[PDB]
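If you read the sequence shown in the entry's author numbering, its first letter stands for residue 1, the second for the next number, and so on.
Quick reminder that beta carbons are idealized off the backbone N, C-alpha and C, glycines included.
Here is the structure we will look at.
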Amino acid sequence: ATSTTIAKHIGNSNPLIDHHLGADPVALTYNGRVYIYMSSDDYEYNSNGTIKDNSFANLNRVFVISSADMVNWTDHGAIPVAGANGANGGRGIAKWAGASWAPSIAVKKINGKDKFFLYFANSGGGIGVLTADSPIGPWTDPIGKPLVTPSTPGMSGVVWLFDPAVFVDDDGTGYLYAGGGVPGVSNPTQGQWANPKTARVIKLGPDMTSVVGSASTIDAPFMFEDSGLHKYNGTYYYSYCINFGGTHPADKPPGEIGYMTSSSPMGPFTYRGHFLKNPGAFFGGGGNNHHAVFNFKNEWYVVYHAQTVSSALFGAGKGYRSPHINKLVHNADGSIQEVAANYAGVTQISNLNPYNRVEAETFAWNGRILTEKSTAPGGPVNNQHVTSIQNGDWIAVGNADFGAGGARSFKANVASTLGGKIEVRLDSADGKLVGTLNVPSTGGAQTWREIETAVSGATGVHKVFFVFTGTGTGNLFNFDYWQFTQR
Ligand SMILES: [Ca+2]
Ligand code: NA
Ligand code: NA
């Protein structure tokens, strides 16, 4: 192992991923996994190949990752949401939409079957929705145009119609929160900064792809954007990013996450405080806040973004964002403690079972690879592979539990022009070697073979490193999935 981690260091849980970016995160909790959906931040370049500032040109897909344990993330690749102005190569799902910003996600049992709803902002041109039968798709546009526009009843007054947050209440009723922006265009008055009145909540129909009645105004003081709704102990918590303009009182600090409570999902809400400081208060690279509060495996957390990957790569954040998660604490009086955002992040909550098929694109740490959609036959929905593997690169999983009996062998599905090796190491990238898998020439980068090799010394709970070596300079092989066999 020679390659180093960009930003997510071995033993640390933030950022969630660093092999690519992901902005404006939101969380779905579903059947033992947490899925994070993100805006498709990707590095933009000047004509001479130098990095430039993010201009949101690439924000036309939704990136999806998931975890059972908060440390190992499965990369589910990208939903080609926007389909206007070319797609997505003609493959965009929402043909009327040029962008898909700031996704929100919901699940609802309909007709005794779980259905999934992905919402997004078409820049400021309105909020759309796609549906699927799985949290990872495939996705359908059941409407063919925005779900909500400025002409939706109650939506008049919204300056920026974006950052959706959709909540399915305990009675099954869906609610959409959206909006932001500050009225008064170039120079808002002090009062316009303090009460923009651009936050909205609208009740959704039973089908989650229509609205009922009109939108209500949520008078979020110093509203900016980044609506959020969670429900704790019977109380609804509307959270949002506070704006940066005008003078601000001590209790409504610019750019921090504010929150309000109500006994009803549509209000009236009462301002309670703030629980997340600006990204730059904790990290390198600065940036504006975006967040979602969620309860996964019976603990409360907040997913948010920071510019921690671009900052490490370039020495400035340049508007490129990455996901983070930290614990969120409610007090006895229903207030929320300041979120201690950091790199350490959340300690692994359960072990990984190495004896099932584990996607190669399920990993906790990596020393510089990429993931992309795979040509491998079979595999889960939107199956990816690990690629851009050069000599010295590696990936690692946290706390694989080999058990007392330990592993007998190691299988890997690979595709290779020239061939190479996978070293299986415990604890560190230079750690105990338990096996070496010889990757043959398989016929090329799109011809797959599952290879098996011996393992010994793999018992109990360890980080596991897959260290890639070979003589070639470019790409040694593509790596789809692996599996250990029990002794
Ligand atoms: Ca795979
Ligand atoms: Na959001
Ligand atoms: Na690489």
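Could you tell me if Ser186 is buried or exposed, where buried requires 16 or more neighbouring beta carbons within 10 angstroms of its beta carbon?
exposed
Looking at the unbroken alpha helix (DSSP H) that takes in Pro25, where does it start and where does it end?
Looking at the DSSP string, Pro25 is not in any alpha helix (DSSP H); the run it does join, the beta strand (DSSP E), is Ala23 to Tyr30.
Tell me whether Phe314 sits in a helix, a strand or coil according to DSSP, three-state version.
helix
Rounded Cβ spacing between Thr131 and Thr140 (contact assumed at less than 8 angstroms):
5 angstroms
Is the distance from the Cβ of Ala306 to the Cβ of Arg321 below 8 angstroms?
yes
Closer than 7 angstroms: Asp18 CB and nearest ligand 3 heavy atom:
no
How about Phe269 and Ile242: do their beta carbons lie closer than 8 angstroms?
no
Is it the case that the CB of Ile369 approaches a heavy atom of ligand 3 more closely than 7 angstroms?
yes
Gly191, DSSP secondary structure in three states:
helix
Assign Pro440 to buried or exposed, taking buried as 16 or more other Cβ atoms, counted over all protein chains shown, within 10 Å of its Cβ.
exposed
For the beta strand (DSSP E) containing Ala199, name the first residue and the last one.
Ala199 to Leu204
If you follow the alpha helix (DSSP H) that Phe282 is in, where does it begin and where does it stop?
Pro279 to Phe282
Tell me whether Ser374, by its Cβ, gets closer than 7 angstroms to a heavy atom of ligand 1.
yes
Determine the burial state of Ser47: buried for a count of at least 16 other Cβ atoms within 10 Å of its Cβ, exposed for fewer.
exposed
Contact defined as beta carbons within less than 8 angstroms: I believe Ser227 pairs with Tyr177. What is the distance between those atoms, to the nearest angstrom?
4 angstroms
Leaving aside the five residues before and after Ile143 along the sequence, list all residues of the same chain whose C-beta is less than 8 angstroms from its C-beta, in chain order.
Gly128, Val129 and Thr209
What's the gap between the Cα of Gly125 and the Cα of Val158?
12 angstroms
Distance, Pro377 Cα to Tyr237 Cα
45 angstroms
Mind checking which residues open and close the beta strand (DSSP E) that includes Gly213?
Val211 to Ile218
Three-state secondary structure (DSSP) at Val309?
helix
List the DSSP bridge partners of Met38.
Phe63
How close, in whole Å, do the beta carbons of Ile6 and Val309 come, if the pair is a contact with beta carbons under 8 angstroms?
6 angstroms
Near ligand 1: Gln483 beta-carbon under 7 angstroms from a heavy atom
no
Compute the beta-carbon to beta-carbon distance between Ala458 and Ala407, rounded to the nearest angstrom, for a pair I have assumed lies under 8 angstroms.
4 angstroms
Please indicate yes or no: does the CB of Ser13 lie closer than 7 angstroms to some heavy atom of ligand 3?
no
Given a cut-off of 8 angstroms on the beta-carbon distance, is the pair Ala87 and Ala97 in contact?
no
Within 10 Å of its beta-carbon, does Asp427 have 16 or more other beta-carbons around it, so buried, or fewer, so exposed?
exposed
Quick check: what's the CA-CA separation for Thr173 versus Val107?
11 angstroms
Go ahead and pull the three-state DSSP assignment for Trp139.
coil
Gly179 versus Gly213, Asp219 and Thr447, residue with shortest Cα-Cα distance
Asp219
Taking the Cβ atom as the reference point for each residue, do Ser335 and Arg272 lie within a distance shorter than 8 angstroms?
yes
Taking 7 angstroms as the cut-off, is the CB of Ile389 close to at least one heavy atom of ligand 3?
yes
State yes or no: is the C-beta of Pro188 within less than 8 angstroms of the C-beta of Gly245?
yes
To the nearest angstrom, how far is the alpha carbon of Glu450 from that of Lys145?
44 angstroms
Contacts around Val455, its chain only, beta-carbon distance under 6 angstroms, and the 5 residues preceding and following it disregarded
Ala407, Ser409, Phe410, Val434 and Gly435
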